[PDB]
Each structure stands twice: as C-alpha cells, then as structure tokens.
Amino acid sequence: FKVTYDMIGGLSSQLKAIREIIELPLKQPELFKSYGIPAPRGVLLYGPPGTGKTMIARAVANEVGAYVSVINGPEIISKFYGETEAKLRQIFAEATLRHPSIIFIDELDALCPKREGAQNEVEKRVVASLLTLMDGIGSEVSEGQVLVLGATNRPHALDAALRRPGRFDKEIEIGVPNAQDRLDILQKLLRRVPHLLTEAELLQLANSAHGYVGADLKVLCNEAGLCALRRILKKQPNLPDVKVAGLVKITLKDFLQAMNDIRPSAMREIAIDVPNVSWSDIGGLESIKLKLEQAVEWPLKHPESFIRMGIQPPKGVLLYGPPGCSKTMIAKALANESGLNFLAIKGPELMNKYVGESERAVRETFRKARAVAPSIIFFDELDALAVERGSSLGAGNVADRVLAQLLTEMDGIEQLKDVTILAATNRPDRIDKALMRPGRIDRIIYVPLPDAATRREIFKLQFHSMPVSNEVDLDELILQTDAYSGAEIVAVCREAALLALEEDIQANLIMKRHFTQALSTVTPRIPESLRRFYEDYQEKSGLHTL
Amino acid sequence: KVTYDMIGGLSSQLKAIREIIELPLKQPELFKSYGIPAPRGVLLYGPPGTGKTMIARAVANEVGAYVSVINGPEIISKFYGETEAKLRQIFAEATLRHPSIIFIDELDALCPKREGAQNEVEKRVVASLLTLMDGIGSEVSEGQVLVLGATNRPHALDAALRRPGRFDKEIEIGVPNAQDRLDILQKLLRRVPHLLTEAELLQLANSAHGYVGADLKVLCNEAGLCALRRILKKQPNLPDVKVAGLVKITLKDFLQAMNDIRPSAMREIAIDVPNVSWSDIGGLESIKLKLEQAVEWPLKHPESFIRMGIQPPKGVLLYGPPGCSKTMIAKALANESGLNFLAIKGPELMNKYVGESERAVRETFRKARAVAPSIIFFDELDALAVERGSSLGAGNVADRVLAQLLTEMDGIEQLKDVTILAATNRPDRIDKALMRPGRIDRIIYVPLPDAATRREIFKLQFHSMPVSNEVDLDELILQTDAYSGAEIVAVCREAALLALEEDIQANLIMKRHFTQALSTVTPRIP
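This deposited entry lists cryo-EM as its structure determination method and 4.5 Å as its resolution.

Right, let's talk about the overall build of chain B for a bit. Across its full length, chain B carries 18 helices and 11 strands. Considering only C-alpha atoms, chain B reaches an extent of 85 × 80 × 50 Å along its principal axes. A total of 526 residues make up chain B; the buried ones form 42% of that total.

Okay, the sheet that holds strand β6 (residues 317–320) of chain A next. Sheets are built from strands that pair by backbone hydrogen bonding, the pairs being arranged parallel or antiparallel. Residue and element names in this part refer to chain A. With parallel pairing, the five strands of this open sheet are ordered in space as β7-β8-β9-β6-β10. Pairing within the sheet leaves two strands with one partner each, and these edge strands are β7 (342–346) and β10 (443–446). Each neighbouring strand pair of the sheet contributes to a mean axis angle of 15°, computed without reference to strand direction. One ladder, built from four bridges, connects β6 with β10; its direction is parallel. Residue pairing for β10: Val317 is matched across the bridge by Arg443. Of the strands in this sheet, β7, β8 (376–380) and β9 (421–425) touch helix α15 (residues 327–338), which is tilted by about 175° from β8.

Another point: the environment of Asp261(A). Residue and element names in this part refer to chain A. Within the secondary structure, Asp261 is located in the loop between α12 (252–259) and α13 (286–301). Residue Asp261 is classed as partly exposed on the basis of its relative accessible area, which comes to 39%. Expressed as a C-alpha distance, the spacing of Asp261 and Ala434, which sit 173 residues apart in the sequence, is 48 Å.

For the rest of this paragraph, the subject is the packing of helix α15 (residues 451–464) of chain B against helix α17 (residues 485–502) of chain B. Residues and elements named next belong to chain B. In the contact formed by α15 and α17, the axes pass within 10 Å of each other and the chain directions differ by 35°. Here α15 runs over α17; the crossing is right-handed. Here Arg454, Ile457, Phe458 and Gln461 of α15 lie close against α17, whose contacting residues are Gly485, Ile488, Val489 and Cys492. Among the residues forming the contact of α15 with α17, the class breakdown is five nonpolar, two polar and one charged.

All names here are of chain A. Inspection of helix α21 (residues 512–521) places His514, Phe515, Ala518 and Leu519 among the buried residues, and these make up the whole buried set. The arc enclosing the buried residues of α21, seen along the axis, measures out at 155°, which places them on a common side. Contact partners of the buried residues in α21: α19 (474–479) and α20 (486–503).

The next thing to look at is the interface of chain B and chain A. At the junction of the two partners, chain B supplies 41 residues and chain A supplies 30 residues. Contact between chain B and chain A buries roughly 3300 Å² in total, counting both sides, with carbon and sulfur atoms accounting for 58%. Contact with chain A buries surface across chain B, with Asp240(B), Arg493(B) and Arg524(B) losing the most and accounting together for 17% of the total. Across the contact surface, chain B and chain A share one salt bridge.

In this section: the UniProt feature "binding site: ATP 1" in chain B. Here, the residues flagged by UniProt with the feature "binding site: ATP 1" are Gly46(B), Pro47(B), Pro48(B), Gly49(B), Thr50(B), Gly51(B), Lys52(B) and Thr53(B). Topologically, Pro47(B) is positioned in the loop between β1 (42–45) and α3 (52–62). Excluding its chain neighbours within four sequence positions, the residues that come into contact with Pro47(B) are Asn152(B), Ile173(B) and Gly174(B). Within the element layout of this structure, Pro48(B) appears in the loop between β1 and α3. Residues in contact with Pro48(B), not counting those within four places in the same chain, are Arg164(A) and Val212(B).

Residue and element names in this part refer to chain A. The positions that UniProt labels "binding site: ATP 1" are, in the present scheme, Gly47, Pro48, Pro49, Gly50, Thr51, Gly52, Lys53 and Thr54. On the secondary structure map, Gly50 appears in the loop between β1 (42–46) and α3 (54–64). Taking relative accessible area as the criterion, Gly50 reaches 27% and is therefore assigned partly exposed. As for its position among the elements, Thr51 is in the loop between β1 and α3. Leave out the neighbours within four places in its chain, and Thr51 touches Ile174 and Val213.

Our next topic: a nonpolar patch on the surface. Together, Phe305(B), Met308(B) and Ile310(B) make up a nonpolar patch on the protein surface, roughly 340 Å² of accessible area in all. Here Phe305(B) falls in the partly exposed class, since its relative accessible area comes to 39%.

This part takes up the UniProt feature "binding site: ATP 2" in chain A. All names here are of chain A. With numbering aligned to this structure, UniProt lists the feature "binding site: ATP 2" at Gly321, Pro322, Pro323, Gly324, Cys325, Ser326, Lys327 and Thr328. Structurally, the position occupied by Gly321 is in the loop between β6 and α15. Residue contacts for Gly321: discarding those within four places in its chain leaves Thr425, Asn426, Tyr446, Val447 and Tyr534. Mapped onto the elements, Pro323 comes out in the loop between β6 and α15.

Moving on to unusual backbone geometry. With a phi close to 40°, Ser264(B) is a non-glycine residue in the positive phi region. Tracing the chain through its elements places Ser264(B) in the loop between α10 (251–259) and α11 (285–304).

All right, on to the sheet that holds strand β8 (residues 374–375) of chain B then. All names here are of chain B. A sheet is described by the order of its strands in space; here five strands give the open sequence β6-β8-β10-β5-β11, paired in parallel fashion. Each end of this open sheet is capped by a strand with a single partner; those strands are β6 (340–341) and β11 (440–444). Two strands pair when backbone bridges link them, and β6 and β8 are joined in this way by two bridges, in the parallel orientation. Counterpart to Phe341 in the pairing with β8 is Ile375.

Now for α17(B). For α17(B), which comprises 18 residues, the first-to-last C-alpha distance of 26 Å matches the rise-based estimate of 26 Å (1.5 Å per residue) to within 8%. Looking at α17(B), one finds that the buried residues are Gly485(B), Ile488(B), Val491(B), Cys492(B), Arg493(B), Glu494(B), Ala495(B), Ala496(B), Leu497(B), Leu498(B), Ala499(B) and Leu500(B). Lining the buried residues of α17(B) we find α13 and α14 (303–309) of chain A together with α15 and α18 (511–520) of chain B.

Note on pairing: side chains with opposite charge can pair once their charged atoms come close. Residue and element names in this part refer to chain A. Summed over the entire model, instances satisfying the criterion amount to 37 salt bridges over all chains. Here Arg389 and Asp400 are joined by a salt bridge, their closest N and O atoms 3.8 Å apart. Of the two residues, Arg389 is situated in the loop between β8 and α17 (395–411) and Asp400 in helix α17; the sequence distance between them amounts to 11 residues. In this structure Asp400 comes out as partly exposed when scored by relative accessible area, which is 29%.

What follows covers the environment of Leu220(A). Residues and elements named next belong to chain A. As for its placement among the helices and strands, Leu220 is situated in helix α10 (residues 214–235). When its relative accessible area of 8% is taken as the criterion, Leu220 is described as buried. Along the sequence, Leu220 and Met259 sit 39 residues apart, while their C-alpha atoms lie 7.1 Å from each other. Not counting residues within four places of it along the chain, the set of residues in contact with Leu220 comprises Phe255, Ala258 and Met259.

Residues and elements named next belong to chain B. One number sums up the size of the largest cavity: a volume of about 220 Å³. Elements represented by at least two residues in the lining of the largest cavity include exactly β5 (315–318), α14 (395–409) and β10 (418–421). For the lining of the largest cavity, the leading source of residues is α14, giving three residues. Across the lining of the largest cavity, the residue classes break down as 15 nonpolar, one polar and two charged.

Procedures and definitions
Residues numbered from 1 in each chain as written, not as in the entry; some residues may be left out. Chains lettered and ligands numbered in written order. Part of a larger assembly, values for the part shown. Heavy atoms only, no water. Residues with missing side-chain atoms left out of burial classes, pairs and counts. Helix = DSSP H or I, 4+ residues; strand = E, 2+ residues; numbered from the N terminus. Buried < 20%, exposed > 50% of the residue type's maximum accessible area, 1.4 Å probe, protein only. Pairing = 2+ DSSP bridges. Axes fitted to C-alpha atoms, helices over the stretch in contact; angles between N-to-C directions. Contact = heavy atoms within 4.5 Å. Left-handed = near helix turned anticlockwise from the far one by under 90°. Nonpolar A, V, L, I, M, F, W, Y, C, P; charged D, E, K, R; others polar. Arc of directions from axis to C-beta. Buried area = accessible area lost by both parts, 1.4 Å probe. Salt bridge = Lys/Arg side-chain N within 4 Å of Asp/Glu carboxyl O. UniProt positions renumbered as here; feature names shortened; annotations may be inferred. Patch = residues over 30% accessible without salt bridge, like charges linked within 9 Å, V, L, I, M, F, W, Y side chains within 5 Å. Areas by Shrake-Rupley, 256 points an atom, 1.4 Å probe, with all protein chains shown as cover. Expected span 1.5 Å × (residues − 1). 1 Å grid on protein atoms, 1.4 Å probe; cavity = no way out; pocket = protein on both sides within 12 Å on 5 of 7 lines; lining within 4 Å. Points joined across faces, edges and corners; volume = space filled by probe spheres on them.

Pasting the structure below:
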C-alpha cells in the first residue's frame, strides 16, 4: 500500500520472476496441492547492499496481502542463547496461525555465519533450530504457506546445508543497477518533485552515475533540492518560508553541483556495463574487425555445418601486440558492435592479499556471466597473473589458486553455450599453455601496427577535437611517425599543442613547426626487436593464426 | 507407503541389509550354529540425502515388526538426564517389543569427537549409549533386539562406537552410477504424466554428473513446474481444473531446470569405467605390453614364475616426453583389462587443505580397496611431489602429504591386486627416496611417437573427419616425423579449420589446407 510495486523502478525482469515464483501458489495454493506437488518453502534473495532489498520485500508483502512479519540480520542476534531461537519459533508459529504469512530476514549470513567461521556454538544451535523450524515449514498443516525470505550479500559464507532441497532453491540475484535501470528508478523516484529537466540530458545525468546505487540516488535527489533551495536563498536574503517553499525548482545545474558532493557506494563489484566506445574512433583495421566478427559469430549459426565438418567449434579469441596500443579499444568496439555485455577484469588488479578472495571474485564474475548468458568475458595483460611460480614463493600461491579456478570455470565450456571469451596481452609466451590448451583459446591475432591509412585516420580523429591551423601536412607527419603507437602519436600532437600554447598563451592555432619539434622530442620507446619477436611468435606459435 | 522397489536403485546393498536384518530375527539359531555373535550395530554412511532417510522409512514399511524412528537433534535438550533416560524408555519399549529394530538419524550430532565435541554432555551420553548397547546382550534379548544407524559423515563419528559388539557392519552408500542414474530416474517418474521418451531419458541421464536421489526428485519436480508454467503462459485464464492433467514434461523443462542445479558434485569419488580403448590410440605395442605385464602378470606369471622369483614389483612409473597421450594410455589399459579406475591429479590436489588433502588420499585408497580389483592413479603427482625444499610456501605441505601417502601405500601387501600410477615427464624431478625399492620400482620410458603411430592417428582422424582423398597420408608421414599425438591431432583440427574458413560450406580437406596447416604448426620439441 505504502510500498506498492509502482514505487520501485528497474529490476523489471527480476520483478516478473518473483511475481511468478510467488503469485500462483500464494494465489492458487490448493491449485498447487491438487498437483500433488510441493510448494517452494522460500527463495533466497541476494545482491550487494545499498539496493536495500527490503524495498522489494515490503513491496511484495503489502501488495499480495500477507500477514507480514519481518526481522533483521544483526538486530535478531541479541546477547541471548536460544532465546533468540525462542523469539524465532514464536514468530514462526504465530504467523503459521495466519497461514497467509511471509517471514523475511535480511543479512541472513549474520544470524548464521560460517560454521568453521564462527566460534560461538550458540550461533550454530540457532542454525539447527532454524533448520528444524524450516522443516516445520515443510509441514502438512500449512504446506507451502510460511514463506521464508533470506537476503544478504555473501552467498559463500552462508551455511552449506541451507542450499539443500526444499530449504533454499531459487536464488534470485539483484545486482547493482544498469544505466537504463538507473534512469528508470531515478524517474520513478523523482515523480513527485517540481523540476525543469528534459529526459535527454536526464539520460546524460544517468550515464554520469557509474557505481551508483538507488539509496544514493534518493540522497542525491534530497541534496539537490537542498542546494537549489540554497541557490534561491542566495538570490533572496530573508523571504518568508512560505514564499520560498513556493518557488523551489530543481534544474540540471542543480543536479550537477549536487553530484560531486556525495560519493557513490558500490563501485566495487564488476557491474554489467554497456560498451560506450565507438567503431568510429578507430584507425580503420576493418580487416581485423571482419575476422573478429566472423570468429565471434560462426559458433552461433554455423554449428549445424561444423558438426557436418565434424569438429569442435573454437571459443577463445586472443589478441597480442604492443601495450594498450588501440587494442582494448578494438575489444570494446567489437563488444559494442556485437550488442553484448562487457565483463572486464584487469590482470594486476587481481592481487589482493585477502587470499582466495580474488578467486571468489572470479567465481561471482562467472556466475553473473552465466546469469546474463548472452555476454562476453574480457581479459587483458594476462601475463601479470601469468608469472610462473617458484620466483615469488608466497604471491605465487594465490596466483596458482586463481588460475586453477579460472581454468575450472572456463573449462566449464559446454555450459558456456555460445558465451565467448576474449583476452589480449603483450608477451603471449608468459602465460601457461593450459589456457592455450586446444579447446579454450584457439583463435588469435597479432594486432598489426598502424599503417599509413591507419595513422591518417588517427590524425583525423585527433584534428576533429582541437582548433588546428592549416599548415598541417598528413604526408610528412605519417612519415616521421613510424615505429610509434597511435595513442602515443596522439600524445605527440597533444604535446605540439602544448608547445604552441606555451609560445603564446592565447594563440588560437597550432604550428606544424612546433609539431616537428614535438616529433624530435618524442622518441619511439618501441624498438624493431619487438616487431621481430612478435612476428616470430606469430610464425612459430605452432597454432592456428586462424 | 514406500516399498523397497520405490528406493532408488542400489539393489545390491538393499538385498545385503535385507538378509542381514531379517535372518537374525528369524533364526538366531543359525548364527549360534556356527558359533557366531549376533551382530548388533549396523551403520550406513554416505553424502546426505542419498537415501538415508528413504532407506529408513522403506524398511520401516517392509519390516513386519516394530521400528522406532528417532531423529537425532530432536533429543538434544540441555536438561540433564532427559536425553539418556529418554533413551532408556526407548530401550525398555525395545525390550517389550522384542522383535524390533531401533534407528538413529544424524548420529554424528550425538557423537562428535572430544576434539570436536566442545560439550561434555556429548561424552557422557555417548558413555550411556555404550552402556545400553553392551546391555542389550541379555540372552533373552538376543536375536530379538537389533540396532540400526546412519550418518552424514562416518569421519565425524567416534572411535568408541565401531568397537566389537557395538558397530561392525559399516555399509557404504554414495554417488549412484549410469545404470543407477537411469534407474532412479525411472523410479521417480513412476507416477508422473510425462512427455518423455526412452532415448531422451538415456541421453538425459548421460548428462547427469553428481546428482543424488532427492536432488533428482527436485529436478523432475521443477521440470514439471516449468511445463505447467509454459502451459499457463500460453493462456493465463486457465484454472487448475483444465491444467492439472494435460501438463507433461519435455526435454526443455529438464534443461531449463537443470542449468540452475549444482548437484553436489564438487568433491566426490567416481567409479567411472571410461569409454576409451586401445583402438582409440594404437601403436607402442611393446610399451602397453610391458605395462600390462607389470600390472597383470604379478597375479599369474610370477606365480608361475616364482621359479625365478626375483621380485614382482608394484609401483610403476612409465613416462617420457609430455603430450604423448600418456593419461589416455592409462585410462585405456584401465578399462581394457577390466578394473575400476580412479584418479587423483597433482594439480587438482594443489590445495591449501591441511590434512583434508591427505584425507581425500586416504578415502580414495579405502574406496580402491573396497573395489579391490582396480587401479589407483595419479597424474602429474610431481605437482605435490615437487623437488623438496625449493617451495617453502607450498612444499612444506608437500613433504608431509607425501609422507601420509607413504603411510597408506606402504601396505605393499595391502597392495595385493592393487597397483599405482603416478605421472610426470621429468625423471629428475622425481625423488629417489620414493624409489628406495619396495613400493615404486619398475620404470618405462614412453618415447616420441613413430611413423607407425603417426599413420595410425591420421587414419583415426580421416575416419573421424571427412577428408579429400587427394591428400595421401604418406605425404604427412614424410613430413610428420618428430611430432606428437597431441600435436598431430591439433594439426588435423587446424586443417579442418582452414577447410571451413576458406569455404564455410566445404566438405573435403584439400592439399592446400594441410599445407598451410603445416605452415601454422611445428614440432614443438624443445
């Protein structure tokens, strides 16, 4: 009533899923009993905090019309020993009286932490009592009516026996929201506030909200109204609260100035982003793009011809070359062209002295990947984790653990039903051939160094954002830019602009003489030997190259 | 309401426990005929949900005499006396109900070890249990009162229980098998309207890897609910009066409900007779011959050759360069001679589980002995058989787990009709301490494949890949020497890839395909 579905945005798909898993039994219960079929005791909600799943809980609660009864994670565990179990049992029974009842718990990990991870045996007594009570929910008198609802961040630290049949089967993830979902929840929230915004720049503002969560969006709206009030005040000293209140109007600049005031919360879990980069911002290389689309596409429709050929289709595509040199750009670009989801995991980032936790991050990564099955995992600079063991005695341990679990996930290949994996690195040798074992990553390309047309395209993309003079010349610049990297060539033209601006701080143009000066200053820190070794690995890889 | 047939498969131990329970009650005179004590405490053990409770209830049906199910934690009340005296009442009734049987569920809760039981109420009630059990020995009670039991984990038990007269019959029941998977499928679906067919069920069961009885019950129930969901999603104004009968399960229900299932298959012990064969990869006849000698002869030939009984060795290490289809050969022999194969790979053992690693080792060895005609196995055991000392952060566990491994294997006589196969490709890596003879003695080197093996594998590929006849095998043979089986099949895969990459609808791997394949491949023989 006060928490209607009409006051929660985003999560639409999950909304429909929960509606399914709940309504038909909770609205046609004897129509389930007539099936001779059991009714789901409860479902496990999970997702990082901040999205305050309590929202969804009370929402469905006061919509469907159940005997609501709620407890909280740390709030339930007082300094009592079984008296908390007494409280539990008492709520359980009294709600069983009103068969249309729903019990929910947040942070159920708190009440029942890890067995080996919790010293207090009383907590495990509470665990056992919870088990018995939940079997009392698998009871005949009220078969499938006392819906238990568990919600916490960590699925790991939960008690294993809870995931056994008829105890906690359906695990619904509610992850950090999405750009479109951000916009939706923001709109539905803002619904009842006077403002002067247009949904296009609104979508812009939404784009701005990386790593942001709902709760923080509410805080944003509040603070924005606050600062607009501040503005109106700074325009009028001592007007009466009535006339002030009659004048506040939230605008764009309001939200903008509001933004930098409060930090978003999550910014920690790898969100299901959307590739924002453009094929347009690439120095051509369309032959490579064609090879890439062909690779990623064939296992979708061609399998019926592959089995005709009688051979296992390939999955893993890998790129190698100089560092960062437009490669990752190509990766994200083909990701966007594919119209899929991006799950980036940078190599050296995987070093946290919280042992195994990196592995666990990888695990939840793959879990979400599956959950969003049409998608693409990405890797970069694999050699970071791929320094061989024995060199560092301690750090190599977590390295072996994470790479092994990575092999586990990946080599779970069948379930990767057209879920392609793309990686890229610089020195492909440094990795273990376990990843290069056939079946996993059997498609590769040396990213070719920028040729003439490529460099000219880079130059176009760079001139299209700076006021440049007319004395520019494509010819000589392309000439003295060999053995360089497109990105660092962009750095060259930036430095030339810097020099021009240093000559006169007001000069609205840039001088190609200063460009040549920059060319002299910049040196190619990439020797030809790197090209040599690259081509030699290309040839003597003993691999596909195709 | 649950006959024995209703129990998912495992008919063997079913009949076993059947006789072992009925006949004592029937004629104790048969035990006493051969001067035998009447076995009192039986106990089953295995991963949970497996049928513990199902077996319990089903025998509770089939008995024809008294049964008193006693769920474990239910008696746990910190009020002293209540637990033990309640047991006392149980046993008094047991007396009055002379032909009967008593079972205890989740008995592990009652008997945690003193290192685990951080309550001494546990220890005293264990004491009282022992008193009870021994007290059952009343001659009038003999042959009439009988004890049952089952755990979640036989390891979490207490040593004081398997003592004589108390607990001897430790029957194992765990992960089912292919035929058992299909069986339990049929038993579950015995009374459900289904849209399934025979071969569909066959391949479905084939797709099952680690599932358990109640778990498969969940599976089929969720498939049925998915079918009901599809039906009511076609038209949403259908009350159950028009839907409770028409709904039936196709494969799609199974797949959908399946991809969201983790069938407790993270760390198990698979008695999985593989599908490999000699025919899968031939050649190296002398190697397979010497190996089957070293494994099989010590039961027949050195018996007939105890004449010159130099020694029939046990531990074999028959290894050469990597990638030479070694583990393939291992599985091959294992299935061809007819032994139940097991496996513990070094890498998959590379875990920080102190003791639990050695624990898995011990459990595997015990299962092996339980299926005694068989072959234990190790792959890349040098992963934890690393050169000692070089790894102070990972080899400190390695030395002690190897010592435990010793402690087990060192039953050279426990190793009667049980062999061992580690694996590596660097003999210098191996430690001669584990070669001080007695345990692991015989050694073969498996060299690089030859032209014969080359043309063998190529015949296999062209038998498994539609190829153009114009590419004579002998050209490869003239250019495929100093290659490896793995490398060679990679070559064939790449030639196929070229064939499909030039023409996406081609049907003949032509000469240029193999040519550029050679260009893309190489004998990586460093």
